[PDB]
Amino acid sequence: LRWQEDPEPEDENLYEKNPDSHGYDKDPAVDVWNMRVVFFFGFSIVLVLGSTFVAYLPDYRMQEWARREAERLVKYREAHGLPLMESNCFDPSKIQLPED
Amino acid sequence: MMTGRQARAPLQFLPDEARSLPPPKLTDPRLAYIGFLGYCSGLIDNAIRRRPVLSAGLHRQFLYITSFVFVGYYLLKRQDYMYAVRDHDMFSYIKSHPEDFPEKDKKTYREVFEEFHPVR
Amino acid sequence: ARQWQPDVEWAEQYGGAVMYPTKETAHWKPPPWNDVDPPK
Amino acid sequence: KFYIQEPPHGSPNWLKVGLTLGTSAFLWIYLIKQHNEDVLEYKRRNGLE
Amino acid sequence: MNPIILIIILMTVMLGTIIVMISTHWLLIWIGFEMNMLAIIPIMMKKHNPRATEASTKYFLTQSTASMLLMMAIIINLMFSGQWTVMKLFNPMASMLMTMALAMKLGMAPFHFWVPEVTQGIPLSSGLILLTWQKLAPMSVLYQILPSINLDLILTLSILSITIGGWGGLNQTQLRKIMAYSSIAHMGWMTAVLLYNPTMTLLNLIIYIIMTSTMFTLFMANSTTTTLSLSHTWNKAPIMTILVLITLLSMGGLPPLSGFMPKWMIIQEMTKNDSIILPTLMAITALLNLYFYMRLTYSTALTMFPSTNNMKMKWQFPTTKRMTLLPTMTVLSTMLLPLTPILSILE
Amino acid sequence: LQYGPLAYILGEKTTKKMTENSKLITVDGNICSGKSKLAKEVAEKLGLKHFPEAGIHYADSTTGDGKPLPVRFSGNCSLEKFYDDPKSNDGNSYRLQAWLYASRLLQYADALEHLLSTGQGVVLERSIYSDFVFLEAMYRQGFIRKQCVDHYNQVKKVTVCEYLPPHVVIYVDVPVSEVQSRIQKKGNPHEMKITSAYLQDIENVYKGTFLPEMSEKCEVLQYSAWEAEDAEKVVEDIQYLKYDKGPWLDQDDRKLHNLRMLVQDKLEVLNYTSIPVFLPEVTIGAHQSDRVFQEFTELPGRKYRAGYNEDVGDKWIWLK
Amino acid sequence: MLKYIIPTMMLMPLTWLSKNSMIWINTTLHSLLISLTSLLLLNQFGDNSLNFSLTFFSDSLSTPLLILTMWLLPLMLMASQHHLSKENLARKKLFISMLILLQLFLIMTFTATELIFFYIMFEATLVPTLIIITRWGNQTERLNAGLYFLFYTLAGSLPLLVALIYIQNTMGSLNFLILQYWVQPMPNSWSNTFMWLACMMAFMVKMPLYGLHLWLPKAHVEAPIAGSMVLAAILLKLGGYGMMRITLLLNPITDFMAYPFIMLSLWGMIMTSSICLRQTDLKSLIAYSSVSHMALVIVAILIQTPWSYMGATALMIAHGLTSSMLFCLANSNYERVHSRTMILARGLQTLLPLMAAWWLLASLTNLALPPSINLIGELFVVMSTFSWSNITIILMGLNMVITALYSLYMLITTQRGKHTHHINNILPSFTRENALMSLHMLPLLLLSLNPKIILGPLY
Ligand SMILES: CCCCCCCCCCCCCCCCCC(=O)OC[C@H](COP(=O)([O-])OC[C@H](O)COP(=O)([O-])OC[C@H](COC(=O)CCCCCCCCCCCCCCCCC)OC(=O)CCCCCCCCCCCCCCCCC)OC(=O)CCCCCCCCCCCCCCCCC
Ligand SMILES: CCCCCCCCCCCCCCCCCC(=O)OC[C@H](COP(=O)([O-])OCC[N+](C)(C)C)OC(=O)CCCCCCCCCCCCCCCCC
Ligand SMILES: CCCCCCCCCCCCCCCCCC(=O)OC[C@H](COP(=O)([O-])OCC[N+](C)(C)C)OC(=O)CCCCCCCCCCCCCCCCC
Ligand SMILES: CCCCCCCCCCCCCCCCCC(=O)OC[C@H](COP(=O)(O)OCCN)OC(=O)CCCCCCCCCCCCCCCCC
Ligand SMILES: Nc1ncnc2c1ncn2[C@@H]1O[C@H](COP(=O)(O)O)[C@@H](O)[C@H]1O
């Protein structure tokens, strides 16, 4: 009988000693309060108020602003005969090219 | 590196010119971390002798914290002194050798040509 | 169903004089426990 | 009385407790005195008063 | 041993190391090494068994041969310089002989053949003295002669020490031989950064002495000399398994621990000097040291090897041992990396 | 702590109190030799301190409240189940013998600690030098294996070499039939299952192996059953001994200081009883050891060091 | 970022000063509060990252990884409190402390402004993960799993340390904010080739790359459930985050050096997905699916177009949630049948119908069902790789066949068919388990309503 050993215990069922178990703890009061903690600070606080927070982000990464500013600039350069965008990002007068 | 600096004044932990520097505050976060090391030493000391770790030997934990803060204050003073010496010798060597450190003329990006490498 | 913890077959791998026994390191018995040898 | 033998740590070693608290109080007052002397010497050598 | 004689002999070991550290004359360096060896021989023979006599004989022969080569380097320096000052050496032959002598005294490879033998033969306390305090006087003399040390020689000794001390500990189940090959690899790390920045040499020496003193104090506090007896520590004092876990993961060079502090700084000083291949090979070769450290953590902390019945008696008795500075050294060997710029005090 | 090298330096030499009353006396004999009062009778004539024979719960009697712990915490063995089923499958025989050897090693350490600290001699019953006779009787009766004898010999080889023999060994000749008569008059129903051949093997390893090797390193005093009833004759024979053999004569202050520094540290005494020799009689597996260790921690007075337990009434813990 | 590091640190007294029955409740409650507080990192701008200090910053790449990291901790505490119910109280607090310390290392791995602090936290995440796998794992092979996990990682990353210190000595700073403005083009040389390999192979190991992936099906199946959730959900994404930081410096050499590492990915996601067609172990099937999904992120980082980065970060967040849910479902069966064999327990929709609905939703998000962010990331990677080479759609589309053929096979083998007759310990689903599945799936579905917060610094 090699390496004296406790026998491997049986698989314990939380529903036998507690048919109203939520699966959190073998103590039923601790089980119900862990359920309330998980559901309140998980769903009522992070998910609901978090979805409300992300839904009302103050113009996340300026993507509304960038539209509205564009609605100004097109309106500036439609009326003044300018093209809507130049092929050059910078002024070609302020660039020294390497000579050739 | 700086071994020839501390050779005219040997075995001085803090020299006289180290008093021309601001000392570390007692609320220095490095010093607060060394005090936290003292508290962790007190906790390990109560743990290995199988005392209650938080409750037993508050005088002993307090002397651990006090001893680490006391040693670490002078260690931070010597640290700040040696870095101030490093910077002082750096700046004096740059000043006394202008021909080795020429004043660079920073060209703007309208003259600087960079090769464009397209990601396609 | 529970956690595996090492048995005698696993733990006797660490009991020899060396860790990887070769042909040369095969007659090496492990040293005595108090490191004291018989006087021969 | 619980223990069948008097343990080495049954009573606190009041000499050692007194040495511990005296050493710790001395190191704190010497540290604060050293720091006040250091900030006063810094403010004297740099005129930052 | 009579404790007055033990005090006098340990103060004489310390006196030999101090005479090496403080003296400006080569003859006094040699006298300090002779005094150090002469006094440390009865620390090795504290127990009077054949393994301590064998370890002391091998240690005497290696250190005497090293001191002969040291005095020959001193006399060749006397010829080619007419003086005795402890500074750079004025001849590459004397430089080679003194570098060989100090490499033998450190047990750096290929002169490493005594450190697992002598470390296994002697007790854990004298093994601690050997692997920590005897690595202070040759590192003093190496710190003092670095304008004359051959680069190729000290780098060959260093990387050969790191490789051989890496491969040596993989085949070990005895804790003292593990700490001895760990010593060989760490002295290779210290001497590889010697000519680039010797402040990092002193940093690695101090962090190594802290971690090695922690590990030997844990071994003495648990009374374990083999791997398989260290594996019973979870059933007796389970905090000691946590301490050997954090200290062995620290000695492997893993962040965020303080044993990552020297290694990284050594790499930080060898890439400045345009050496990229050599600290890379050193870092990759340190994974072998990490592997047998991880083997010890598997056997001790992360699993539970089967214990015996008589351990139930040792549950009823606490440790009355002087675990001197063990929480201090355990905190300093694990949680010192956020204080990494403290190394400037070693300048 | 209380004793160390500094106490030895500052004048506490341990031969300044070594008087002629400082005699370590071990009374031996068979299972019901009637020595059990005899030793105490010697301890009430010579003014010595009697230690009872180390059972399973001797370590329980020295630590904590002194009460015997439950047998799953101390021993994991039973003498009565050894008397019932000696050839048992669970290996109770050698497990009981190894626990008793560790208990007698602890008792012999307590005896030398009292002898070297106070100068009062100790009267023991069946010290570690006589513990092997039960091992050899169990091996001759086939109760254990040869690997159990090899494990015992390794543990004994690395533990008994650091100690001294007793000054006096008293042995009591009681024949096997008289032992069985005293067992039948004892009334213990487990002890009456002891076979005759086991008692004969105990007497044979006594008279053939124990006493011829102990007669050189100490002084044997071998009595019969009727003359061991009179303690005055035995103590009169003790008081007129000429102590000349054994290694107690060449013991200075240094050797007895080293012995006392070994002896007062109980985890260094018990260091080699738990050597990693994986033997199925004494190896307790990982989950059982973890479970019994965590149940041992939850005992009253066992969760911390011996002056740090609020559940038994230790005060001033924050200043200790 | 010091308003997130200090609450995570204060979870250490919160788990070590609690009552012996309240340590799961307290850590779950306060880690859910930290996860609610993690939404303040959404103060992102279309030009500038949210730059807190010299030490910590958070762009739109690190912010979803941080919200997922701080959200994963209560979920790991919920998953891990069943199989650690018989555990010693001290070892239970040690496990919770390793999860807390791992969260603490991750949330300042992703916010590290300077790249060697990124390296130190990036390689500090090994030790709590190593201790969790090799201590609270179940089988014999957890020790070999820890060895492979440790020594592929450090073999990949010890060249990365040397490469970062080279950048520190050459450029002058490993600040990512300085290196956006001082980045120099890395030319064609052998020195710069092994510079590229030292910068990339650490993250190629931790993604994992195909061929270097062998640490992962050992480290996922031998870990406990909190370990499996943190390796699936976060610890693979350290490689993607580090690649997206470090490929700034590796231009234009990447445009000819990424060719062997794209092929290994584009064929490797075919191979590992094919492996999932024949895996007898359910947890190994989820592991090889994780390799198959992170191969697309490797391709998307190495082709370094904007659509590819947007798809890669969406795919990382989506795969984190989905694979964490898949390991939790496999754990829900393993806590009843005590074996990870996928053919053992069958027909489990007759026995656990709502849990089979959670299996169905997790399998649909595995097979990239639109409009989930799984499909958003999958689709954008496929778009950018069609821009890379038009033939890649073959290797993409075939993968999207096989990714269906194990997502539903896992659904049909575990949940459908006739149930196993001789298994009768199939308990009804606990409220803890259904809560865990819902806390994985409901954020994954709500992120379809607003995917712009998980599309990286270049939305
Ligand atoms: C910000 C405010 C937002 C408010 C709106 C919400 C937005 C979406 C949030 C999540 C919605 C789905 C959640 C329910 C499914 C999971 C639970 C479950 O098992 O349900 C069965 C159960 C009813 O079954 P039973 O008879 O009682 O027993 C269960 C059976 O034994 C066994 O069950 P079974 O076999 O009978 O059922 C299996 C069956 C299986 O049916 C299917 O799988 C077929 C449906 C999916 C494929 C076909 C459609 C593909 C997408 C097209 C539709 C969307 C776009 C349409 C827009 C126009 C075109 C672009 O499941 C369903 O029919 C579920 C319907 C919803 C499926 C959504 C898609 C999931 C598929 C995977 C990803 C696909 C892409 C992402 C889609 C994202 C949409 C936003 O449902 C419930 O008890 C519901 C409980 C409360 C759920 C609350 C959901 C929201 C929570 C968020 C909290 C924080 C924010 C506050 C808002 C709260 C709103 C009230
Ligand atoms: C983020 C990275 C980590 C991932 C894990 C995160 C875990 C932590 C969780 C924190 C909380 C959750 C975070 C994500 C929140 C996402 C939700 C959100 O903010 O949405 C914003 C979006 C915002 O929409 P919007 O951006 O267009 O609105 C404009 C903005 N405002 C409001 C300021 C004007 O919300 C909605 O779209 C809500 C619309 C109404 C509600 C839903 C309606 C549809 C319901 C079904 C209708 C019928 C369809 C067919 C059905 C058939 C059957 C199936
Ligand atoms: C995960 C398993 C596989 C791991 C693969 C890891 C990446 C593979 C390549 C790593 C190379 C080593 C680090 C290189 C750092 C480059 C820094 C730099 O700028 O270098 C320029 C320098 C160039 O020198 P320099 O830049 O100082 O010179 C001055 C400038 N010039 C050139 C103009 C004069 O490169 C080198 O010095 C050498 C680079 C190559 C190194 C060869 C040795 C290592 C070989 C590969 C080892 C791979 C891991 C082995 C472990 C496997 C598992 C056990
Ligand atoms: C660059 C130059 C730097 C120079 C720095 C000098 C700093 C001080 C010297 C450090 C060098 C190593 C010191 C340790 C040497 C070994 C001491 C030793 O062996 O002491 C014997 C004793 C044995 O313990 P015991 O159980 O009673 O023994 C049973 C019978 N033998 O006890 C032990 O074995 C226990 C261990 C006691 C000593 C350990 C603590 C000191 C060293 C650790 C670092 C402390 C932090 C401050 C200094 C940092 C630098 C090292
Ligand atoms: N090593 C041992 N093995 C088995 N039984 C022992 C051992 N030592 C003592 N005993 C028993 O302890 C009892 C001592 O008898 P007594 O003389 O009444 O103390 C008898 O039952 C012995 O069999």
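Residues numbered from 1 in each chain as written, not as in the entry; some residues may be left out. Chains lettered and ligands numbered in written order. Part of a larger assembly, values for the part shown. Heavy atoms only, no water.

A. Molecular detail of the overall build of chain G. The helix and strand tally for chain G stands at 20 helices and two strands. By the compact-globule yardstick of 23 Å for 459 residues, chain G fits well, its C-alpha radius of gyration being 21 Å. For chain G, the spread of C-alpha atoms along the three principal axes comes to 65 × 55 × 40 Å. In chain G, which comprises 459 residues, the proportion classed as buried is 68%. Sequence separation of at least 24 residues holds for 83% of the intrachain contacts in chain G that already meet a minimum separation of 6. With 21 positive and 12 negative side-chain charges, chain G shows a spacing of 12 Å between the two charge centroids. (Helix = DSSP H or I, 4+ residues; strand = E, 2+ residues; numbered from the N terminus. Rg over C-alpha atoms; globule rule 2.2 N^0.38 Å. Buried < 20%, exposed > 50% of the residue type's maximum accessible area, 1.4 Å probe, protein only. Contact = heavy atoms within 4.5 Å. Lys, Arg positive; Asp, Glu negative; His and termini not counted. Charge placed at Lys NZ, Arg CZ, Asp CG, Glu CD.)

B. Quick look at the packing of helix α12 (residues 238-251) of chain E against helix α14 (residues 277-302) of chain E. Residue and element names in this part refer to chain E. Two numbers describe how α12 lies on α14: the axes approach to 9 Å, and their chain directions differ by 165°. It follows that α12 is roughly antiparallel to α14 by the angle criterion. In terms of crossing hand, the pair formed by α12 and α14 is left-handed. Contacts between α12 and α14 pair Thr 241, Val 244, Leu 245, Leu 248, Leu 249 and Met 251 from the former with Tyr 293, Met 294, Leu 296, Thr 297, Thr 300, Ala 301 and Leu 302 from the latter. Looking at the contact of α12 with α14, its residues break down into ten nonpolar, three polar and no charged. (Axes fitted to C-alpha atoms, helices over the stretch in contact; angles between N-to-C directions. Parallel < 35°, antiparallel > 145°, perpendicular 65-115°, else oblique. Left-handed = near helix turned anticlockwise from the far one by under 90°. Nonpolar A, V, L, I, M, F, W, Y, C, P; charged D, E, K, R; others polar.)

C. The arrangement of the interface of chain F and chain E in detail. Taken together, the contact between chain F and chain E spans 46 residues of the former and 30 residues of the latter. Interface area, chain F with chain E, both sides summed: about 3500 Å², of which 65% is carbon and sulfur. Taken together, chain F and chain E are joined by twelve residue pairs in polar contact. Secondary-structure elements contributing two or more residues to the side of chain F that touches chain E are α1 (5-9), α3 (58-62), α5 (92-118), α11 (253-263), α12 (266-269), β6 (283-284) and α13 (286-297) of chain F. For the side of chain F that touches chain E, the class distribution of residues is 22 nonpolar, 14 polar and ten charged. Bridge count for strand β1 (residues 307-308) of chain E against β6(F) is two bridges, and the pairing is antiparallel. (Buried area = accessible area lost by both parts, 1.4 Å probe. Polar contact = N/O pair within 3.5 Å; in protein donor to acceptor, adjacent residues only side chain to side chain. Pairing = 2+ DSSP bridges.)

D. Looking closely at the nonpolar core. Grouped together as the largest cluster of nonpolar side chains are 326 residues, with contacts concentrated most on E:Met98 and G:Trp196. Not counting residues within four places of it along the chain, the set of residues in contact with G:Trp196 comprises G:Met204, G:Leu250, G:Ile253, G:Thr254, G:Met257, G:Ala258, G:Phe261 and G:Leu302. Of all hydrophobic cores here, the second largest spans 97 residues; its members include F:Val42, F:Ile128, F:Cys218 and F:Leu262. (Core = buried A, V, L, I, M, F, W, Y, C linked by side-chain atoms within 4.5 Å.)

E. Broad picture of the site of ligand 5. Residues and elements named next belong to chain F. In the neighbourhood of ligand 5, 14 residues make up the surrounding shell, with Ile 31, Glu 53, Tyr 83, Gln 97 and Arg 104 lying closest. Between ligand 5 and the protein, one listed contact pairs an oxygen atom with a side-chain N or O atom of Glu 53 at 2.9 Å. Here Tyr 83 contributes a side-chain N or O atom positioned 2.4 Å from an oxygen atom of ligand 5. For ligand 5, the accessible surface in isolation is 500 Å², of which the surrounding protein chains cover 85%. Listing elements by their share of the shell around ligand 5, those giving two or more residues are α4 (79-84) and α5. No other element matches the four residues that α5 contributes to the shell around ligand 5. The residue makeup of the shell around ligand 5, split by class, is seven nonpolar, two polar and five charged. (Near = heavy atom within 4 Å. Areas by Shrake-Rupley, 256 points an atom, 1.4 Å probe, with all protein chains shown as cover.)

F. Region of the structure containing the site of ligand 1. Surrounding ligand 1, one finds 20 residues, the nearest of these being G:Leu354, G:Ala357, G:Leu369, G:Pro370 and G:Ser372. Chain contributions to the surroundings of ligand 1 come from chains A and G. Contact with the protein chains removes 40% of the 1800 Å² of surface that ligand 1 exposes when unbound. Of all the elements in the fold, those that place two or more residues in the shell around ligand 1 are α1 (28-55) of chain A together with α17 (353-366) and α20 (431-446) of chain G. For the shell around ligand 1, the element with the most residues is α17(G), which contributes eight residues.

G. The sheet that holds strand β5 (residues 219-223) of chain F, seen in detail. Residue and element names in this part refer to chain F. Taking strand neighbours across the sheet as the criterion, the five strands line up as β2-β3-β1-β4-β5 in an open arrangement whose pairing is parallel. Across the chains shown, the open sheet's two edge strands, defined by having one partner strand only, are β2 (49-50) and β5. One ladder, built from three bridges, connects strand β1 (residues 25-27) with strand β4 (residues 168-172); its direction is parallel. Across the sheet, the residue bridging to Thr 26 is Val 169, located in β4. Lying on the sheet, helix α9 (residues 196-214) is in contact with β4 and β5; it crosses β4 at an angle near 160°.

H. Quick look at the interface of chain F and chain D. The interface of chain F with chain D comprises 18 residues on the first partner and eleven residues on the second. In total, chain F and chain D occlude about 1200 Å² of area from one another, counting both sides; carbon and sulfur atoms represent 66% of this. Where chain F meets chain D, there are five residue pairs in polar contact. Grouping the amino acids of the side of chain F that touches chain D by side-chain chemistry returns six nonpolar, eight polar and four charged.

I. Representation of the packing of aromatic side chains in the model. Enumeration over the complete set of coordinates arrives at 45 aromatic pairs over all chains. Both rings, one in E:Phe260 and one in E:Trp264, keep their centres 5.5 Å apart while their planes meet at 15°; by these two values the pair is stacked. Note that E:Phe260 and E:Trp264 are positioned in helix α13 (residues 260-270) at a spacing of four residues, about one turn of the helix. Summarising the burial analysis for this pair, E:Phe260 and E:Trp264 share the class buried. An angle of 25° between the planes, with centres 5.2 Å apart, marks the rings of G:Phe118 and G:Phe122 as stacked. Taken together, the residues G:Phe118 and G:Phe122, both in helix α5 (residues 115-124) and four residues apart, mark about one turn of the helix. The pair formed by G:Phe118 and G:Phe122 is uniform in burial state, with each residue classed as buried. An aromatic cluster of three or more residues is present, and its members are B:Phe70, B:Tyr73, B:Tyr74, D:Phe26 and D:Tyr30. In this arrangement the basic side chain of F:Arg260 is found over the ring face of F:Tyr3, its NZ or CZ atom lying 3.9 Å from the centre. Directly above the aromatic system of G:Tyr148 lies the positively charged group of G:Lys218, at a separation of 3.0 Å from the ring centroid. (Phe/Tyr/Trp six-rings, centres within 6.5 Å; stacked < 30°, edge-to-face > 60°. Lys NZ or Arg CZ within 6 Å of the ring centre and 35° of its normal.)

J. Expanded view of the pairing of β4(F). Residue and element names in this part refer to chain F. Taken across its five residues, β4 has five buried, putting it largely inside the fold. Residues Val 168, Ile 170 and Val 172 of β4 are buried on one face, and the alternating residues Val 169 and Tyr 171, pointing to the opposite face, are buried as well. In the sheet, β4 pairs with β5 via five bridges, with the strands oriented parallel. Directly across from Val 168, in β5, lies its bridge partner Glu 219.

K. View of helix α2 (residues 35-43) of chain F. Those residues of α2(F) that fall on the buried side of the exposure criterion are F:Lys35, F:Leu38, F:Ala39, F:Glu41, F:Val42 and F:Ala43. Contacts made by the buried residues of α2(F) are with β1, β2, β3 (122-125), β4 and α10 (231-239) of chain F.

L. Highlighting the pairing of β3(F). All names here are of chain F. What you see with β3 is no split at all: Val 122 and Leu 124 on one side and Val 123 and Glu 125 on the other are buried throughout. Bridge analysis of β1 against β3 gives three bridges, and the strand direction is parallel. By the bridge assignment, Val 27 is partnered in β3 with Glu 125. Bridge analysis of β2 against β3 gives two bridges, and the strand direction is parallel. Considered in β3, the bridge of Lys 49 is made with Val 122.

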